[PDB]
Amino acid sequence: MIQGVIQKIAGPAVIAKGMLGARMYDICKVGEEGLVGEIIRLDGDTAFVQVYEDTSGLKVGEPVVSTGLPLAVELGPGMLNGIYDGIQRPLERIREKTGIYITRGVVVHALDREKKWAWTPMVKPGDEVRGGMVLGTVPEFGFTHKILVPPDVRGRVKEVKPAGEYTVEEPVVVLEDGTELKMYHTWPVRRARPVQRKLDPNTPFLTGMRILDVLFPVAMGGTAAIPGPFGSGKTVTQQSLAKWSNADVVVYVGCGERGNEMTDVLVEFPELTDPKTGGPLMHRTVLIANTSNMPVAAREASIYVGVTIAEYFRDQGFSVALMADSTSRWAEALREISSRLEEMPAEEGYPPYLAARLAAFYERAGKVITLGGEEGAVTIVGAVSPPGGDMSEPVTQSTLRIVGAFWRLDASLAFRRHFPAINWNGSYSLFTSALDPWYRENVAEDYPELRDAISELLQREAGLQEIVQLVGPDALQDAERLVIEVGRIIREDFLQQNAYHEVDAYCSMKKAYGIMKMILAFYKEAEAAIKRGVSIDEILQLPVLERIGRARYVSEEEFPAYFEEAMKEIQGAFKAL
Amino acid sequence: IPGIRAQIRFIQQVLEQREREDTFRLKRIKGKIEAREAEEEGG
Amino acid sequence: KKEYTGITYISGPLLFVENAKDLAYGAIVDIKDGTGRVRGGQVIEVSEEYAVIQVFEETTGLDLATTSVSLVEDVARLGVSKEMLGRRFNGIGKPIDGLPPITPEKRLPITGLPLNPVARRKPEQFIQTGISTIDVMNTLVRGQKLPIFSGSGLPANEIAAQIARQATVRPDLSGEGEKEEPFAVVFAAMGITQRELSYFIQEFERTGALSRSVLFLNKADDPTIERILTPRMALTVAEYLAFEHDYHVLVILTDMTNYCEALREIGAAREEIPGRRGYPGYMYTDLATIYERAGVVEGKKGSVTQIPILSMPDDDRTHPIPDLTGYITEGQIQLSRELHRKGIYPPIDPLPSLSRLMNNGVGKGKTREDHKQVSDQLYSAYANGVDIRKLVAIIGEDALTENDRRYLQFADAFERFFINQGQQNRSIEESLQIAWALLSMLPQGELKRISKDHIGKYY
Amino acid sequence: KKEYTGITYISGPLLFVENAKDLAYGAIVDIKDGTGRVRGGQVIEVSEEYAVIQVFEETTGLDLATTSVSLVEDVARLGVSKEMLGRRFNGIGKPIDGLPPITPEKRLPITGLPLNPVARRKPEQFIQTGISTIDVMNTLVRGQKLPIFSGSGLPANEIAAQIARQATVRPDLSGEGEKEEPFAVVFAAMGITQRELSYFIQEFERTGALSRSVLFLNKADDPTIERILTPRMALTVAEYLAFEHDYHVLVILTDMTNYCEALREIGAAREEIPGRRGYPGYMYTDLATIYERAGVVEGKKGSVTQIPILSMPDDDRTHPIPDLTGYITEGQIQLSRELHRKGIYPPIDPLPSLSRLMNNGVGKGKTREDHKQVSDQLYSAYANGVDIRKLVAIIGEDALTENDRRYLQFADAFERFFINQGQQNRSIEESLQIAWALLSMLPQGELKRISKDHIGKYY
């Protein structure tokens, strides 16, 4: 289109003289090799291209060819169960064709142009279609991919390819104007996919963990954040959500996380089971990988590619759960590019539009009723990693006030090896009062009254634990000692969970309800007995203590009978004395 | 006493951090002023 | 018109044009590009060589060859009317609705023209809220601006909706026309997400207070200079409907932090000598310019009162945004995270939240002849209780004098019965009865603030 | 050869060479002046009207009339061979030894080339160190990164020398041919002094371990660019030997703090927005650039394992250097300061230390079936010992009980018999035997973690 030459090279930013008409935010090809970049400024007749690759070895005079299209992705069938780069390049094919090291300049198509799928028409000639309608389906592993009409396209169909087997480069529907509808379409990543209207979430997002499904829940359209210092369990928590959530598909983004985690999920998932259908777990994962040593700006490219893939899968009628990683690393990439642009900074280096960028990214998430009429949802769980473990970095004060829940990890609980180390004294979840109808309908009928009892037990036990630290656990009355011991039972029997077990890594709602019931019954009857006159030495040492201490290691296939037996055992062993 | 010493150290670190940003902006302003006055011979 | 082609620089917000001196300073433009899509702008720093624009929407697709800029109006001005009292606008002022634009009755500027210090009058009338921590200790009168220093996960939208629903004047306590006065909300939001907007709209639609309120929406997936523009439009409409048609308006400005952010961003991209910790020097001037538009004049009978919600970022009263806002307005209400932990509602910390225009709107002949005295005494007793809390935490609860325990228990009863009030509509008399019930828990003669006459009459 | 005279500006470390459009970005040059001396350079930020060059050593004695820079090669590289397996190099890679220079087999680039995340496998085997605490509760595996958080007056280089002089991969425990896995050590040091240099030389040459090692040494009176270059040279040689000749290298980098200092100083001379307490913004990017080069690839049978020793500047675990390092690497082993006062060696507090890739390198058929159980039990027992110790040291030993005396005796005997080990070399069998001999001080049945099979076989 517009052909120019290089004028100056300085790090990851290239200036190209002789570019009159080069639109802003366009994809151009830098150098004699092809080093896709993105125009982010215009000064007279030049452009301030920012490359996405190593850009170390380029001369001054190599051509620069623009293309006029602003960083599109390639939506279509054949996307699940695969890796990608930040620019949506299959790492599998890259490795298979060009050795084990990541090379630059290699160019592979996003989808696969040789595999053929089973088309099935759902449109007759002379019909009337408009953007968002479906045209027919093709099958994937245990799903049914639909074939939408790209947004903002209309007309009157005139012919349909009959049912059979075709590739992804076959125009299967021809409108009346002359255009051709293939089995895929491209969409820019810096826009939002239009919808009809945005509903309000009234359904929990069950992740499996007890703290995050009881104390601080998240509606299945919401947002969240997991800040916390280094070495506290953020990676393990996010992978546990990825492998035991209740979403249809999962899109794991990682921008700045060590490659050992990506290899862990890659070599672990294909031998697990999706707990909704029964197929392999990796048949509902589209993980995106851009590790620490790879180029920088590919970080933000990866964030946007992830959100756009999640929006597409929402538009098909599923309910996806994006799980970003190190929005802090993303902000670092933004700061680097800004300081290369040489503009004035804000508090602590970051450019003064971090907040707007984060707000748009988080506001592309919510339950919606798409253009086909069917519903969908996009959850978001964005990790953060402050520079010193203090929740005052701009990227962890700009990511508050725009989210729902907030899951503050803690270094004390993390070093005591009290894992998942979610500080229950400094977290909050604003989706906790719109889920009471669903709880009363689908878990119990006195559930929201049994949860506040536990929360209050904890928030009154802390105050007494202060004086406990003061004068030791001796002068505390029977009341305060019983409070202390029931608080310890609660902490190390209900809140704690070991994610590396076989059966104790996924606690159903009924199981959590049962454990809460048993602890509450123990508390009530122990208080009654202490009022009657027995002492604490007699109270504690019953065998029912350790009989409920092993209550979480039991399995869901038999928990009801165990719980019945244990409640009757409390009934008995607290009757004699 | 150690808790107070830790608090003091943190406050002191933040206060010193918020001077280098000022020195940086001042140096940039001086560079821009030199670049401008290098073109103000007459007009 | 399609004139003024030949731009020569584009980077972020700004955009430069070559020789163009007939564009007046502070004008309005519209930037058509090579495919027909029209954006908006505003001229800053005109000069004989070039002229700097400030684009509103965004700068994607703008090339340097096929791109023009045309003049629309030499000054910003909004076309106001009275027909816009059930409508719903967005940012600059287009109608985000299924109805066509309005036919204006007069078009006035949106920038200023302050009120003359001799065409004002002292706000005196008294508007109760049903929140006994604002009716009795931080009185709210008609004609005063009073923010709400919120927090991250603290309920401020709920308190704003409750005030807007319960607020009513009390004419039968000082002598006035019995039933004449409903309100007229001018809710103006800049930066709200989807959840909060849906809550606000549900609540306004439940009480039927929607057919008498105008709405300006600037949700979080929109540009930022539109956030810079919105509150001026809101206050223009409010001043019109007040000082021309004798209404009584109540402007709810939400999240002034996002407005300050857009301000800091344009200032940074302008390289304009950061004042204090980021934010530029003239932010006091800007916040004052959009706060001082709420008073009462003499001769007329309208009134304009504000409640600017704002979230102090890191819970610091020493952050520039809360600091300058407190210096400019007259009064404040401050929530408390510690009280929010313990289920209190509304968690309004009563110590650090005062209102200045209160000694003139309360007292004998307006509410009751013993109001400010109960206020002073309650403040003193609560401060004593809070201090004895630390005395306990040092010593122990059993080594306390016989009256220190009385003060401690008064503080706890105060936090448990006077502040916590659920969602119920109290009255000035019910709240004063509760206050006297509490103040009777302390002995007589240890209240050096109230007079012996009131002391004998109420106990 | 002679080309590129005509420089135009010299100030500090920079040098502005005029028209030169054949120098590529990041190339390597050599600045020769009117006395014959030759130094280095690096073309950063090339342009059209000139090309900025950054000198390595110093710009003393340089003129604008008698000076000429010339190209050396396109990118940076060093010539690697196999024979350097008893050698000793220095920084840029010049042999400072008693043997002639080396020949190349090929010269590889010394930067970048990240591993394809689909082209590696999981670290599964394990490597014995002879240190009981490490081997039993933080067992280092083949293909992980594990820093050692030292202090300012603690023995760290001694522990590093001991680990390099004792380590070996046990080929008989889990199962494979015994003499099929070679080994090496690519010890690289930076910023050391003459005392520590002599210590390392003598300690390596005593036991003849140097027959399976290389050495890169960067005495602290050399220009800082060499201190920046050393780790890249070491890691290039390591990757070569491992993924091409099937060795099992073990890289050791002392004083990453001196590397971070050199980086801050070399960067801050180009005015690039100092990030956090000095150190620039991209320090995470650089540390991750050099750490992630250690892994285990599938198809091949080599490995690379790193142990970067670093010293927390002022015992801060919230300093930028320890923070970034902890965010990049996986697991960390932290030396203690209190144990060093009581005269224990190697002083390692197992409370704040852990390894993530641990429970994959032990267990069923790996070392012995009781490894994870014994680790959990020793951790729990030492934790309870410290708990009761704090309790007593606070109040007094008047009212202890039976179960508490068992745990206090356990804590004491553990700290004095399982941590303190001098210069011994305990195999993992002997380490587990000492673990069981310390566990047998506790009543069977109150060890609520270990299973009953091993309980019956041992103890």
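Bear in mind these aren't lab numbers, they're just calculated from the coordinates by the rules spelled out. Please note: Cβ atoms are built from the backbone with ideal geometry, for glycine as well, and neighbour counts cover all protein chains shown.
Taken residue by residue and averaged, Cβ atoms of other chains lying within 10 Å of the Cβ of C:271-281 number 3. So what is log10(I(q)/I(0)) for the protein assembly as shown at q = 0.07, 0.08 1/Å, when the Debye sum runs over its Cα atoms only? Calculated log10 I(q)/I(0) at the listed q: -0.98, -1.27.
Note on the range A:351-384 and the range D:124-200: Cα centroid distance 47 Å, given to the nearest whole angstrom. Counting only Cα atoms, the range D:323-385 measures 39, 32, 21 Å along its principal axes, largest extent leading. Given +1 at the Cβ of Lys and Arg, -1 at the Cβ of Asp and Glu and no other charges, the dipole of the range A:430-577 around its Cα centre is 140 debye to the nearest 20.
Projecting the Cα positions of C:256, C:150, C:136 onto the charge dipole of chain C (unit charges on Cβ atoms of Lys, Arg, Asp and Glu, taken about the Cα centre) puts C:136 furthest along the positive direction.
Rounded to two decimals, the Cα-based Rg/Rh of the range D:1-146, with Kirkwood Rh, is 1.14.
Placing a label point 7 Å from the Cα of residue D:458 along the Cα-to-Cβ direction, the residues of the range D:349-369 whose backbone N falls under 15 Å from that point are D:362-369. For the peptide A:337-348, the mean number of other protein chain Cβ atoms found within 10 angstrom of a residue's Cβ is 5. Applying the Karplus relation 6.51 cos²θ - 1.76 cosθ + 1.60 with θ = phi - 60° to the range A:465-482 yields 3J(HN,Hα) values of 4, 4, 5, 4, 4, 5, 10, x, x, 10, 6, 5, 5, 4, 4, 5, 5, 5 Hz, where x marks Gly and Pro. With Kirkwood's inverse mean 1/r over C-alpha pairs for Rh, give me the Rg to Rh ratio of chain C, two decimals please. Computed over Cα atoms, the ratio is 1.04. Phi angles of the range C:333-339 translate, via the Karplus equation with coefficients 6.51, -1.76, 1.60 and θ = phi - 60°, into HN-Hα couplings of 10, 10, 6, 9, 5, 4, 6 Hz per residue; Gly and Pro are given as x.
Model label sites at residue D:201 and residue C:9, defined 7 Å from Cα along the beta-carbon direction, differ in position by 6.1 nm.
The simple Förster model, with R0 at 30 Å and r as the Cβ-Cβ distance, assigns residue A:391 and residue D:380 a FRET efficiency of 0.45. Sorting A:357-363, C:353-359 by their mean Cβ neighbour count within 10 Å, with the most densely packed peptide first, gives A:357-363, C:353-359. Taken along the Cα-to-beta-carbon direction at a fixed 7 Å, the label points for residue C:168 and residue A:460 span 3.9 nm.
The label-point distance for residue A:535 and residue A:92, in a model that sets each label 7 Å from Cα toward Cβ, rounds to 6.9 nm. Measuring r between the beta carbons of residue A:492 and residue D:424 and using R0 = 41 Å, the FRET efficiency lands at 0.65.
Rounded to the nearest Å, what's the spacing between the alpha carbon centres of the range A:538-577 and the range D:220-277? Just the number, please. Each part's Cα centre sits 59 Å from the other's. For peptide A:14-22, the mean count of partner chain Cβ atoms within 10 Å of a residue's Cβ comes to 2. Dipole magnitude for the protein assembly as shown: about 900 debye, using +1 per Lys or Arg Cβ and -1 per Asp or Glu Cβ, origin at the Cα centre. Charges on Cβ only, +1 for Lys and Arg, -1 for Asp and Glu, centred on the Cα centroid of the protein assembly as shown; of A:528, D:11, A:118, which one is farthest towards the dipole's positive end? The Cα lying farthest towards the positive end belongs to A:528. Between residue A:564 and residue A:17, residue separation times 0.36 nm minus the direct Cα-Cα distance comes to 189.0 nm. Within straight-line reach of residue A:17, meaning a Cα separation under 17 Å, sit the following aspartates and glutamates at least 8 residues removed in sequence or on another chain: A:26, A:32, A:38, A:43, A:45, A:62, C:63, D:45, D:48, D:49. Given a cut-off of under 8 Å on Cα pairs at least six residues apart, what relative contact order in percent is computed for chain C? In percent, rounded to a whole number, it is 16. For a label point 7 Å from the Cα of residue D:85 along Cα→C-beta, name the residues of the range D:202-245 whose backbone N is under 13 Å from it. Counting only backbone N, you get D:210-214, D:241-242, D:244-245.
Kirkwood analysis of chain A, using all unique Cα-Cα pairs, places the hydrodynamic radius at 26.9 Å. The distance linking the range D:283-359 with the range A:387-420 is 22 Å (Cα centroid to Cα centroid, whole angstrom). Cross-link pairs exceeding 19 Å in C-alpha to C-alpha distance, out of B:32/C:21; C:82/C:106; C:122/C:300; D:364/D:457; A:8/D:21; D:122/D:300, comprise B:32/C:21.
Place a point 7 Å from Cα of residue D:270 in the direction of its Cβ. Which residues in the range D:216-233 have their backbone N less than 20 Å from it? Residues passing the 20 Å test: D:223-233.
A Förster distance of 25 Å, applied to the separation of the beta-carbon atoms of residue A:3 and residue A:107, puts the FRET efficiency at 0.85. What the phi angles of the range A:559-571 give under the Karplus curve with 6.51, -1.76 and 1.60, with θ = phi - 60°, is a coupling list of 3, x, 5, 4, 5, 4, 4, 6, 5, 5, 5, 5, 3 Hz, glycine and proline written as x. Protection proxy ranking for D:424-433, A:25-34, using the average of other Cβ atoms within 10 Å per residue and placing the highest first: A:25-34, D:424-433. Of the Cα atoms belonging to the range A:1-71, the radius of gyration and Dmax stand at 10.3, 28 Å.
For the pair residue A:467 and residue A:517, the difference between a 0.36 nm per residue extended length and the Cα-Cα distance amounts to 15.2 nm.
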